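Peer 1: Pasting in a structure now, in structure tokens, and then I'll have a few things to ask.
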Amino acid sequence: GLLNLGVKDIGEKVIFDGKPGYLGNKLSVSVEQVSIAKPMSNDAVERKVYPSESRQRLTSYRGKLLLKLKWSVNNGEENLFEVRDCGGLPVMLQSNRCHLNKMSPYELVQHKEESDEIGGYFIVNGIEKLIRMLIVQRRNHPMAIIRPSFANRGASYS
Amino acid sequence: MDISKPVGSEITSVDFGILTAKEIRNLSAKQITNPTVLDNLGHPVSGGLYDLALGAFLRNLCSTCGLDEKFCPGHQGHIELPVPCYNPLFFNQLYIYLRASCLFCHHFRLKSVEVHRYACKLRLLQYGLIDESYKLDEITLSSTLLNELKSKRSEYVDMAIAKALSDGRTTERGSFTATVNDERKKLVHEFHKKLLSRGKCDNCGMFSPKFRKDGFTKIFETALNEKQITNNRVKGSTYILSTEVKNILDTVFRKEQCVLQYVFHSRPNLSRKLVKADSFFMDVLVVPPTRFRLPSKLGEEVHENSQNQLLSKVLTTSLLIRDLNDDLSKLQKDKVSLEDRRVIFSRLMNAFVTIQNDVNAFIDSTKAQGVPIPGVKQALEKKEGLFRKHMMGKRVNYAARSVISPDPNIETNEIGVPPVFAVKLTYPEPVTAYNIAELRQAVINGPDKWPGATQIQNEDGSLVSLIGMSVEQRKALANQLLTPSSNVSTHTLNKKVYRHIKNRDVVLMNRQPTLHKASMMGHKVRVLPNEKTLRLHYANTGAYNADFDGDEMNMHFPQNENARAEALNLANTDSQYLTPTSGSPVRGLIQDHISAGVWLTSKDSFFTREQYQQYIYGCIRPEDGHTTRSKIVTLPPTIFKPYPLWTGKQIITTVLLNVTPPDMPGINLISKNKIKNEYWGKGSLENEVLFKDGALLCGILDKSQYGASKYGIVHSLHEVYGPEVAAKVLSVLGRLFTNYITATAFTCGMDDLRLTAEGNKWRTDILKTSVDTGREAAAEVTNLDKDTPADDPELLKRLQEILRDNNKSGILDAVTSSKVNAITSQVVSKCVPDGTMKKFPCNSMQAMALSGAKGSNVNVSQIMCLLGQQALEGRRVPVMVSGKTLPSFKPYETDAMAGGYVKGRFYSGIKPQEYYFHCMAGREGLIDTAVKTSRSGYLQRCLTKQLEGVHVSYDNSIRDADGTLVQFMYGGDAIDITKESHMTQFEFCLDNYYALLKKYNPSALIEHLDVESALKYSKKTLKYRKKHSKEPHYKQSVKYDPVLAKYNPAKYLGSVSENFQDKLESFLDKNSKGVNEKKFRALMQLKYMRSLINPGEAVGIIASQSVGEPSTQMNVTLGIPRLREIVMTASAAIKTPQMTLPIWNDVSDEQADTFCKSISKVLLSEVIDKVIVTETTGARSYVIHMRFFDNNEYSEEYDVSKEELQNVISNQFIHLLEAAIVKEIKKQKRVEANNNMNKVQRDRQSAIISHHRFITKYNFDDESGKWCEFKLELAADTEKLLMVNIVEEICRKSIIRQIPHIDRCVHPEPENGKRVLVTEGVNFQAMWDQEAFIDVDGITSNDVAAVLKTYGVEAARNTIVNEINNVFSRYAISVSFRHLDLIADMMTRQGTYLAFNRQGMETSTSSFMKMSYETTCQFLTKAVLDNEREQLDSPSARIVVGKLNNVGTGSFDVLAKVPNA
Amino acid sequence: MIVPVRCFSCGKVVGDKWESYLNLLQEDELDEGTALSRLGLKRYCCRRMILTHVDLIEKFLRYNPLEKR
DNA sequence: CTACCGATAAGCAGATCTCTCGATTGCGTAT
DNA sequence: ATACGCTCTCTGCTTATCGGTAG
RNA sequence: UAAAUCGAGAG
Ligand SMILES: [Zn+2]
Ligand SMILES: [Zn+2]
Ligand SMILES: [Zn+2]
């Protein structure tokens, strides 16, 4: 996935002590893995929640975000680990982290959704939102640009 | 407003001033000390922002006046700021005054004599004696002579003032006009600039420290220099507190009171108040009443006011600094440690800066530091402020808004209102003796039964609501309507019934955007029973620009008789037949009625007696006042045998006969319609319309007859029978055509869009000839001979070269477009109407396209023949980098279709490539449509803001709001634009002589006129003008002025303009036709007397609208941007200046083509073929070889010979090259030519070496002039230089020959006969030399500022009119020269070239106008520092204070004639 | 949603001809035109009433709050 | 040689029709 | 559970500084 | 009862 690669590219961040030259203990803290659980509820054993509940409750259709830290000390001398929750992360319908992912149209009708319900949109506070696709420059291609504003970047600027 | 509550007082003028700290401490009811607004339990804490002494707050009685929240006006408090803080509004002028002051002697660094001179000049300008101000400067002839000079200057000023006051000119309060205001502003600017230019004081010559304002909230003064410190002995960085600045400026202002009395007062300071420097410091803030600081609430969400937050921050900082002051004060009695003093003083300084920043943030957000809360300034400045959002434009009561729907059976002056609006909207009718019949029934009917009543206003002001009442109670109340009052205090008053809107009420209908005044009319109300839409007649759609595509508009209900009469007489929709832009009509039947009348007035239209009579009664019902004779009079049938038949033209004839009033002749009109005689067969004359004696005898009634079109039947009826008759005729014709279409329907279908077999064959044969158009156009552009195959490698190479250039491909896309458009024109000429399967009038597509009902010829051409070339911003379809116009077209394909030529039609569809190109064109059209609306509003806003006060006065001259004269007579003839349509239609007026004589009626207009004097003067002037007027205009001595100058045209018959009189005489001479020329000339002169513009006309607003609204439809700059250059900016730096030069008939075109080459500039680069730089380092060497074109080439193209080029290189080019090289080094320190030379060349080389710096060789091709090689030595230490970009830059800027400010001359094709040279620069002085070729007396120029500079004011004004004229000539838009003349006269009223913007309006007597326009705070500061007093004369000024306008109905008063003394 | 009771243009009752139309199309291998003609729908105003009906109510009926699933 | 009069190169400001809906409204320590 | 500090302008004007005069 | 900002629309 992309979340793991991104959290890997984030890297590590360190900070030293104020007690003994040497600065103290490194504290190489970071995050190694991040996961999104399919949305669930506590009403004992967890039960699957479906977007019909999120729409009728006028609430969000959110799963659970679990980040596992790597609390390292002294350049890897001692490593502690913890799976910290990170609040309710909104999920969009008909995705691999949604409970309507591979449901047949019959099963979609059985769970009140639609005969041919399509996803691509999150539910936030009972309101359905989507994130618009943007047009941006093409990746990894150096394109020549003659732009007048470059001359405004300073004197002696073409 | 309540008409039964008169107000006895009136605000006449307002004046601006500083609110002194002493007065606010006295007016205040309480001061605030605790920056906590309300304590626990929600109660407002005493002494805080919400104090009961500042007003009633949330069901708490005000502690000041003892009144509850409804009746408490509110009271102002204050904040005792611990230190004086700078006023952010006045900070700039305070910083100006702080500099140029001498701390030692407490005077300005300028000498006292010059300061006294400026004071005397300003005092002279206070009384408008601008003449004497400059005569004061003519008094100049050690230490005692200056005192005598000052005494004599003061004596002269006093003598001038006393004489001017005694000589009936001025009163004690001075004369303040625009021009004297401009002179005062100029003098004060020169004064302030001169103060800033001093070295040391001229009364004690000691230097003073130089201040420096880093930003607001802090002023830093630099320390005096060592050398300057010495002078302070021989004559015997640092922060500065606010108190020190206050003390310095207080001392300076106390010393120089006599001089600042005339810098801070534009009028005689009668109060004699001293100008104090405390005015610039707000020692005490003023808190507004709590009524204006209330907290916002939404259910539970309660938020406090932002001004409260700012004031609380100020109070917190004040308490902090007060605590620091106390801490210092305790140590003042017993000092312990100076280090504690150090830290506490640093904290105190930080507190000073913090509280000053708090004040700045409270007043002006942009002056704060450290998105933020808006200040007081931010609440007034821009749109959404307080001037543009709550004073000039407000939200109103008794107004509805709804989506409109069409409705025939509405009288074309009426508005159909829904029952809901009829139930809600109400009018207060005072109960009278004649009214109780209807008002009693209205009260009984109640609020939910139209017509009804919703409220009763008793004499005392009680408002008894009828909503929650039963019928019996309503009868009890109705029986007590006209009961005489029991109270003496109200015995002069009667009750009012807030009755529902009725059928006799008027309503103001408006649809946004209101581009012109006709978009807001007055309609008579008719209430309909069914639906919730405002039903509107079709004729009103022309002015509102309204369709029925869900368009909505606003109905306003005037609530008094004064506004009733205006909407019924002035804003009346009958009065709005002709638009004031050009006098053309804007009312008439639009779409179905035009085709209906084309069918009905045809020759085939025969109607039996029943059909004829039913058609006549269907529109002329003689019980609604539709006819005059009380009995519908009919006509004998056209055909008597075999059975009686009438005709449609006879239907029109009897309609006119019934609507036209009796005791008056019928109309006589000879006109034309839009359908050619060839569309009716051979020998037809139905194209010419002929009304004779009120009977239609020939022609078809069309769009050009009824509709917004000039010189039709409806226009003639309006001119002859008046406006009400024309409106009635419009309504009757609408009903008639509606009833004819409901019995004889009109349809369009697929059969109308087809062509015959021969038509399709013609179209295919012509379009097959287009298979070679694109290739031939490309061959023409590429200069290949002809017949060259499309895949010719040279053709492809040159096509690729053409594509890469934006100019060559600009001519490729113009040449091919012309040929494909010619092919399109051939197709359209061949295939319509000949190739059509169905012919007019059966073909309804052509029937409604020819008649003007809807569509055009290009639309039916696209539908039936082809779409034609698709134009993208004047070019063809864009091209990719690869040279493909589309993926499906090979690169550089020489095809018309590839470039965007659609051969398909909407009948048979278009191919996907053609579909794509058409989508491009449609998208471009939509983008232009969206961007055009946004590009025109600002022009109209700028024009309306300044011209809103300009109006016609009772002197028949037009002048601004404050009285400044702009024109002496509207257009020079005082003729209304909306009443001069038929002034020169002399044959029309002759043919309808008796009809016009019935209305003008001289027999009743003789007791109140002078008839012979104006005629005699006109005869004298005409004789003299005929005797003269063969010589040039400057030679004509003006012995006799035109009659309009002397005799008032509205009071002396015969006093008319010279153009009208000359045209009348020419008409009366050319043709001689029981009407003789004497009676006809008398009738025409009376018509001219009645065609004059009324005093009080809002002429400036009308001119601004007539220049702005037509601007919606919109090598040299052309269009709206050109207007932006002229009106908005008054740019001396015109983007593309041009100059027109006449040509003597002696010169020939062979000389003309070469003369344009003897003036056009020639850069050195235009002849250089190439430049070769041979750099050999190890001193640096350079061989700057310049290879030219052949001598025969540039000696002919530019007429430049070898000698001139060589001299330019020797003198100009090398100097610039060396200068550039030295500059670059300075900024960076961080075939073989013959070697042998002759004798003279060596000496020339030596001279060139000597005159220049680092040249060691030089040579020029003195025999052929095709090369120039010279050396260039630099120091061996220097690093690498480009030495090619330097030469490229210099060569383009080196000049062979040029006339200054002129870059090119052209010889275009003569237009309108006269031969003209057009030049791309402006230099009159150089064209004055060429008398031989150019007629110097006729040099007119596009530049409207250079002509002002060299040819004075009036020539610039004429240029302004002509330039603002031809921008509308390109688009074929009719705007009268009367508007343009007024606009030009307003732009040049000061003798300069003023614009319509903030800088152009910088000088005006009305401060409110300039404040409301833009930059409110700067204008407010200028108005309050000058202590300006405005008389509330601008239209915008009276809105702020709420007074009746000075235009139209507010241009006079009304007096009652009480019979008993 | 459900078949209209009457044709809009003229008012002929066509709500009794929807199940019949479906049965005519289903059992008898008929085209739409012949099935409409057999039902007595002559004018095209009546023909497009049953020819173009979508019968969305069935899709509505599967969402039943009053019965368990 | 030095002080006044301009004469550009650079910096800075304000600015470029009405109407109808819905949705949100902040965090960061300190106690 | 809870209170108070915060990255593609048009027209000018206005400022700083550079040469020339003449004083 | 309020205000901005964002978003969506109508002429
Ligand atoms: Zn009060
Ligand atoms: Zn001094
Ligand atoms: Zn039917």
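Each chain in the structure tokens gets a letter, A, B, ..., in the order shown, and its residues are numbered from 1; ligands are numbered from 1 in order too.
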Just want the 12 Å neighbourhood of residue 22 in chain E, counted on only C-alpha atoms (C1' of nucleotides), with same-chain residues fewer than 3 positions away dropped. Output as a PyMOL selection string.

Peer 2: chain D and resi 2-5

Peer 1: Taking 4 positions as the minimum chain separation for residues in the same chain, which residues sit within 12 Å of residue 30 in chain D when counting only C-alpha atoms (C1' of nucleotides)? Answer as a PyMOL selection string.

Peer 2: chain E and resi 2-4

Peer 1: Export N, CA and C atoms (P, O5', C5', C4', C3', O3' and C1' of nucleotides) of the chosen residues as an mmCIF file, in the first residue's frame?

Peer 2:
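Generated output (again31.cif):
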data_model
loop_
_atom_site.group_PDB
_atom_site.id
_atom_site.type_symbol
_atom_site.label_atom_id
_atom_site.label_comp_id
_atom_site.auth_asym_id
_atom_site.auth_seq_id
_atom_site.Cartn_x
_atom_site.Cartn_y
_atom_site.Cartn_z
ATOM 1 P P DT E 2 -16.076 21.315 32.592
ATOM 2 O "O5'" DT E 2 -14.665 22.075 32.534
ATOM 3 C "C5'" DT E 2 -14.204 22.818 33.661
ATOM 4 C "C4'" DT E 2 -13.043 23.729 33.283
ATOM 5 C "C3'" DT E 2 -13.306 24.677 32.106
ATOM 6 O "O3'" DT E 2 -12.799 25.977 32.401
ATOM 7 C "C1'" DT E 2 -11.357 23.428 31.701
ATOM 8 P P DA E 3 -13.591 27.284 31.902
ATOM 9 O "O5'" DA E 3 -12.453 28.395 31.725
ATOM 10 C "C5'" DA E 3 -11.848 29.002 32.865
ATOM 11 C "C4'" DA E 3 -10.645 29.849 32.463
ATOM 12 C "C3'" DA E 3 -10.915 30.924 31.416
ATOM 13 O "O3'" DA E 3 -10.022 32.022 31.599
ATOM 14 C "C1'" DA E 3 -9.502 29.247 30.500
ATOM 15 P P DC E 4 -10.291 33.420 30.852
ATOM 16 O "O5'" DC E 4 -8.991 33.633 29.943
ATOM 17 C "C5'" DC E 4 -7.748 33.990 30.543
ATOM 18 C "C4'" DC E 4 -6.608 33.877 29.544
ATOM 19 C "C3'" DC E 4 -6.687 34.831 28.352
ATOM 20 O "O3'" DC E 4 -5.372 35.234 27.969
ATOM 21 C "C1'" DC E 4 -6.693 32.616 27.572
#

Peer 1: For residue 1271 in chain B, list every protein, DNA or RNA residue within 8 Å, evaluated using only C-alpha atoms (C1' of nucleotides), and leave out those in the same chain fewer than 5 positions away; present the list as a list in words.

Peer 2: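 Residues near the query, excluding close chain neighbours: residues 1181, 1182, 1183, 1184, 1255, 1256, 1257 and 1258 of chain B.
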
Peer 1: List all protein, DNA and RNA residues that have an atom no more than 9 Å from any atom of ligand 1, counting only C-alpha atoms (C1' of nucleotides) and all ligand atoms, and report them as a ChimeraX atom specification.

Peer 2: /B:52-56,61-69,71-75,289

Peer 1: When the cut-off is 12 Å and you count only C-alpha atoms (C1' of nucleotides) and all ligand atoms, which residues lie near ligand 3, shown as a PyMOL selection string?

Peer 2: chain C and resi 4-15+40-50

Peer 1: When the cut-off is 6 Å and you count only C-alpha atoms (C1' of nucleotides) and all ligand atoms, which residues lie near ligand 2, shown as an MDAnalysis selection string?

Peer 2: chainID B and resid 102 104:105 107 201 203:204

Peer 1: Please report the interatomic distance between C1' of residue 20 in chain D and CA of residue 400 in chain B in Å with one decimal.

Peer 2: 14.6 Å

Peer 1: Using only C-alpha atoms (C1' of nucleotides), find which residues of chain A lie within 12 Å of chain D and jot them down as a ChimeraX atom specification.

Peer 2: /A:124-129

Peer 1: In Å, how far is it from CA of residue 654 in chain B to CA of residue 694 in chain B?

Peer 2: 8.8 Å

Peer 1: Among range 32-90 of chain A, which residues does DSSP mark as strand (DSSP E or B) when it is run on the backbone? Keep the chain and numbering as in the structure and answer as a ChimeraX atom specification.

Peer 2: /A:32-37,40-41,47-48,62-73,78-90

Peer 1: Could the residues of chain E within 12 Å of chain A, counting only C-alpha atoms (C1' of nucleotides), be given as a list in words, please?

Peer 2: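 Matching residues, ligands excluded from the count: residues 7, 8 and 9 of chain E.
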
Peer 1: Include N, CA and C atoms (P, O5', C5', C4', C3', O3' and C1' of nucleotides) and write out the residues we just selected as an mmCIF file, in the first residue's frame.

Peer 2:
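Contents of selection_0.cif, freshly written:
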data_model
loop_
_atom_site.group_PDB
_atom_site.id
_atom_site.type_symbol
_atom_site.label_atom_id
_atom_site.label_comp_id
_atom_site.auth_asym_id
_atom_site.auth_seq_id
_atom_site.Cartn_x
_atom_site.Cartn_y
_atom_site.Cartn_z
ATOM 1 P P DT E 7 6.061 33.527 -3.726
ATOM 2 O "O5'" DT E 7 5.787 33.725 -5.290
ATOM 3 C "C5'" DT E 7 4.466 33.587 -5.807
ATOM 4 C "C4'" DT E 7 4.283 32.233 -6.470
ATOM 5 C "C3'" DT E 7 2.956 32.041 -7.178
ATOM 6 O "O3'" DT E 7 3.036 32.554 -8.501
ATOM 7 C "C1'" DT E 7 3.534 30.097 -5.900
ATOM 8 P P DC E 8 2.541 34.050 -8.821
ATOM 9 O "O5'" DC E 8 1.420 33.855 -9.945
ATOM 10 C "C5'" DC E 8 0.711 34.983 -10.447
ATOM 11 C "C4'" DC E 8 1.433 35.583 -11.637
ATOM 12 C "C3'" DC E 8 0.527 35.970 -12.802
ATOM 13 O "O3'" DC E 8 0.233 37.376 -12.743
ATOM 14 C "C1'" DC E 8 2.251 34.482 -13.550
ATOM 15 P P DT E 9 -0.790 38.041 -13.792
ATOM 16 O "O5'" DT E 9 -1.248 39.414 -13.097
ATOM 17 C "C5'" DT E 9 -0.436 40.592 -13.212
ATOM 18 C "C4'" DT E 9 -1.287 41.822 -13.516
ATOM 19 C "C3'" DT E 9 -0.513 43.130 -13.642
ATOM 20 O "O3'" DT E 9 -1.286 44.067 -14.391
ATOM 21 C "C1'" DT E 9 -1.903 43.303 -11.816
#

Peer 1: Env of residue 1228 in chain B: 12 Å cut, atoms = only C-alpha atoms (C1' of nucleotides), seq-sep filter 2 positions within chain, self excluded. Answer as a ChimeraX atom specification.

Peer 2: /A:156 /B:1221-1226,1230,1278-1281
